[PDB]
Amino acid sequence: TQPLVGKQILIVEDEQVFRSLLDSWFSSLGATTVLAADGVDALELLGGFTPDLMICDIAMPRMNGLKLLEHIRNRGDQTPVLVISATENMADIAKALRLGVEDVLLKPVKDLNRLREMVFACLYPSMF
């Protein structure tokens, strides 16, 4: 019952309650998690490690997730990214898809069984 053993997930999210929920879910599935409350902090961290997947919020205090994405994509980083956001802004969702994220999911998350499918697909893809 641990399909994600051996996979490392970076979670970037400013609301501590949701940070805890994602940690609990992905840890229970066997992944080792790294959590960053802040986009600037996540940017610096990515300089020294290579997560298998990053789960990323959009609205965050100091630097939002779209700017985070641009910085790491501009430097050649092709880490798979799943965005989980409350945004309804279609331009901001399009910006993330242009930056090569696998999908953008809307908060609150309700089909946890679906989230599971998509995260596994992100970690063990069949095509590019």
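So that there is no doubt, residue numbering starts at 1 and follows the sequence shown.
- Just going by the entry, 101-109 versus 6-14 on mean CA temperature factor gives the higher value to 101-109.
- Relative to its counterpart among 16-24 and 114-122, 114-122 has the higher mean temperature factor, C-alpha atoms as listed in the PDB entry.
- Ranking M90, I84, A59, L68 by the C-alpha B-factor listed in the PDB entry places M90 at the top.
- In this PDB entry, the Cα temperature factor of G76 sits in the top third of its chain's modelled residues, the highest group.
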